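Every residue, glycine among them, receives a Cβ derived from its backbone with ideal geometry; neighbour counts consider all protein chains shown. Throughout, read-outs are computed from the coordinates displayed, never taken from laboratory work.
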2 protein chains.
Amino acid sequence: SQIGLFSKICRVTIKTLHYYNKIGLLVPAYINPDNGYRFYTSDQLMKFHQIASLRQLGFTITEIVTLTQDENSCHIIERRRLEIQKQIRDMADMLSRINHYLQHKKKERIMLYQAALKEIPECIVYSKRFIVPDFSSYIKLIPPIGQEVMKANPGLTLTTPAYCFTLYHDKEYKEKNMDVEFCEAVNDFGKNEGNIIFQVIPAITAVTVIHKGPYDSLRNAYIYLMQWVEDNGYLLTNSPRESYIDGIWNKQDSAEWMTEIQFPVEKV
Amino acid sequence: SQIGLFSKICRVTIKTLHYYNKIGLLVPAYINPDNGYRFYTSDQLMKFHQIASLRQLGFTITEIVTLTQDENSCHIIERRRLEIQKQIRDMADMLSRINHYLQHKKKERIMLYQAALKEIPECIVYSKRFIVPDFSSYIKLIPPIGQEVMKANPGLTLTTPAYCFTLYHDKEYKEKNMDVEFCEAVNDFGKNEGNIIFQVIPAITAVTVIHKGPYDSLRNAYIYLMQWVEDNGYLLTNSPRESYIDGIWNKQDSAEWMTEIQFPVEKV
Ligand code: 118
Ligand code: 118
């Protein structure tokens, strides 16, 4: 039968048959060489049935071409079986995050905090860990650590980009008497002097939020993320990090300082 | 900051930044007039965080653009929540159906039937209802059924292609008796007489397989489909159909005949 009628019996378009004949799939029965027409037989219906059945299961064209001729090979099906489960879990997570987005946006008219997942690699740092009574004494006592360590460690170069952060080792969020550690990243090791130490922090996967403005409201950021981990069925696994990007060392308007809070979490 | 350092602050490729500048999504702070170099600032990172945050919910570039610059436009988010809720369902069928596939393939290491879902539009048919004692007698009795109808009507033109079939109105099969109907599709209505009548048959969505060979193995097809609609969670809403494509009237070898088995189903 000619191609315009075969396309109505099969209920598909003609461009589909042209494309199939081009790629080497469902080659016609008899092509007339003078005019160039294509004539199909009832033998082609029983292969198109198989093509449409395999395509309705999500397979791509090259696997179907490799399948109809290498019929012993059946592991492509499992290769697809793992990707389907991955797709179900990702769509089931995007759905929950969209619902959380709408639930959060219900009462608040606009939103400040926008969470995002990311990867953080391994690093070498020099660090110092101690207890502080408050945050203001902390802000003033950091820079002595920076002048002093360069005094005792000659020629120590930082990394690119710069990574300078602090760890809140306490299990519960507090306002005074905080156990805190300060870390800055360098390229190579050195030797310890007094309380200043050198160590290696492993690689993590973390959820991040960026806060912009004055320090006093940073707890608000810590509110949102503390909601986030509970709302979308996640579990906080390790101590949070607070890494400093823009502060008093580059600018004078303290209402333009920007920092980023990262909670290492896992989908369990 | 130059493009190569900013690409390491954000952990993204350079071609992505070029593309985002071309689209109009993320425009650099300052561009050199003669070189053409691109320089970025911290607020570019605050915005890239928002871009990635929006991109993690599955939106495409145009909606992300429309979301960032324009008004809130909440109707786009819930409208997405349907495209996910639907998609999961779609996904949730296929992981089932492929799981059907394996439970049959690994039983025989050969596949005789492959099922596929399709849609059959509405038609105008002539039809005759009756009870049959034995299928062979029905085959023998069909040529007179053709003869009465062929003589007494002017301008009785069949369809292109030819759709002639038999309707099985029984719920649970038995070899003793069968309430069947013979149907052949025509273009227009007219007057009815005798045991034959004209009627319209509405469109349906059916699962079909194609059987080639004699009829004395046809039950082996049904036992397959009676499983396929039961395991993978679909529901049989109406009487099956048996459509005849190629037989003694076009061919000579009965082992090269070809028929099509159709089960009308819905998603339940
Ligand atoms: C060791 C200890 C502190 C700093 Sb810094 C800083 C500098 C550049 C970029 C990011 C951070 C600092 C502040 C004032 C004067 C000199 C250095 C610093 C201080 C307090 C809180 C966060 C960072 C550096 C090394
Ligand atoms: C009225 C009733 C049945 C048939 Sb046919 C047939 C005709 C066209 C296309 C396909 C089938 C038939 C049988 C023998 C010789 C010539 C025509 C027919 C026979 C058995 C089963 C189904 C249809 C024809 C007219």
Q: Report whether or not B:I124 is surrounded by 13 or more Cβ atoms within 10 Å (Cβ to Cβ) and more than 30 Å from B:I23 (Cβ to Cβ).
A: yes
Q: Select from region A:97-108 the residues that are touching a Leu at 6+ places or on another chain (Cβ under 7 Å) and either more than 8 Å from chain B (Cβ to nearest Cβ) or touching a residue at least 12 places away in the same chain (Cβ under 8 Å) (or both) and list them in ascending order.
A: A:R97
Q) In region A:183-222, what residues are over 24 Å from A:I139 (Cβ atoms) and charged (D, E, K, R)? A) A:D188, A:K191
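Quick check on B:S217: is it away from ligand 2 (no atom under 16 Å from the Cβ), more than 21 Å from B:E119 (Cβ to Cβ) and small (G, A, S)?
Considered against the rule, which asks whether it is away from ligand 2 (no atom under 16 Å from the Cβ), more than 21 Å from B:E119 (Cβ to Cβ) and small (G, A, S), B:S217 comes out as yes.
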Q: For region B:51-62, enumerate the residues that are surrounded by fewer than 17 Cβ atoms within 10 Å (Cβ to Cβ) and either touching a residue at least 40 places away in the same chain (Cβ under 8 Å) or more than 20 Å from A:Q87 (Cα to Cα) (or both).
A: B:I61, B:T62
Q.
Looking at region A:243-268, I want the residues that are within 22 Å of B:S1 (Cα to Cα) and have a partner that is among the basic types (K, R) and surrounded by 13 or more Cβ atoms within 10 Å (Cβ to Cβ) with Cβ atoms under 8 Å, at least 6 apart or on another chain. Which pairs are those?
A. A:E256/A:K212; A:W257/A:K212; A:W257/A:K251; A:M258/A:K212
Q) Taking interchain pairs and intrachain pairs at least six residues apart, which have beta carbon atoms under 7 angstrom, with the first residue in region B:164-176 and β-branched (V, I, T) and the second surrounded by 15 or more Cβ atoms within 10 Å (Cβ to Cβ)? A) B:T166/B:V180; B:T166/B:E181; B:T166/B:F182; B:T166/B:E242
Q. Restricted to region B:161-179, and to residues that are within 14 Å of chain A (Cβ to nearest Cβ) and out of contact with any helix residue (DSSP H, G or I) (no Cβ under 7 Å at 6 or more places or on another chain), which residue is farthest from ligand 2 (Cβ to nearest atom)?
A. B:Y163
(Q) Please go through region B:34-68 and give me each residue that is at the interface with chain A (Cβ under 8 Å from one of its Cβ atoms) and over 20 Å from A:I110 (Cβ atoms), ordered by number. (A) B:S42, B:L45, B:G58
Q: Check A:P214 against each of (1) within 19 Å of A:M178 (Cα to Cα); (2) within 16 Å of ligand 1 (Cβ to nearest atom); (3) away from every other protein chain (no Cβ under 14 Å) and name the one condition it does not meet.
A: (1)
Q | Residue selected from region B:223-268 under the condition of a type in the set (A, V, I, L, M, F, W, C), part of a strand (DSSP E or B) and away from ligand 2 (no atom under 16 Å from the Cβ), by the criterion surrounded by the most Cβ atoms within 10 Å (Cβ to Cβ) | A | B:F263
Q.
If I filter region A:1-41 down to residues being of a type in the set (F, W, Y) and surrounded by 12 or more Cβ atoms within 10 Å (Cβ to Cβ), which single residue comes out as nearest to A:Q69 (Cα to Cα)?
A. A:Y20
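Working carefully through the options B:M94, B:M150, B:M111, find the one that is away from every other protein chain (no Cβ under 14 Å) and either out of contact with any strand residue (DSSP E or B) (no Cβ under 9 Å at 6 or more places or on another chain) or not in a strand (DSSP E or B) (or both).
After ruling out the rest, the residue left standing is B:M150.
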Q. In region B:25-43, which residues are in contact (Cβ under 8 Å) with a residue 12 or more places away in the chain and in contact with a helix residue (DSSP H, G or I) (Cβ under 7 Å, 6 or more places away or on another chain)?
A. B:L25, B:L26, B:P28, B:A29, B:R38, B:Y40
Q | Subset of region A:75-84 [at the interface with chain B (Cβ under 7 Å from one of its Cβ atoms) and of a type outside the set (D, E, K, R)] | A | A:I77, A:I84
Q) Where residues in region B:157-175 are charged (D, E, K, R) and closer than 17 Å to B:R129 by Cα, which of them is surrounded by the most Cβ atoms within 10 Å (Cβ to Cβ)? A) B:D170
(Q) Return the residues of region A:221-242 that are among the hydrophobic types (A, V, I, L, M, F, W, C) and in contact (Cβ under 8 Å) with a residue 40 or more places away in the chain; say none if nothing qualifies. (A) A:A221, A:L225, A:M226, A:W228
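Test A:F189 against the criterion of being surrounded by fewer than 18 Cβ atoms within 10 Å (Cβ to Cβ), in a loop (DSSP other than H, G, I, E, B), among the aromatic types (F, W, Y) and in contact with a strand residue (DSSP E or B) (Cβ under 9 Å, 6 or more places away or on another chain), and give yes or no.
yes
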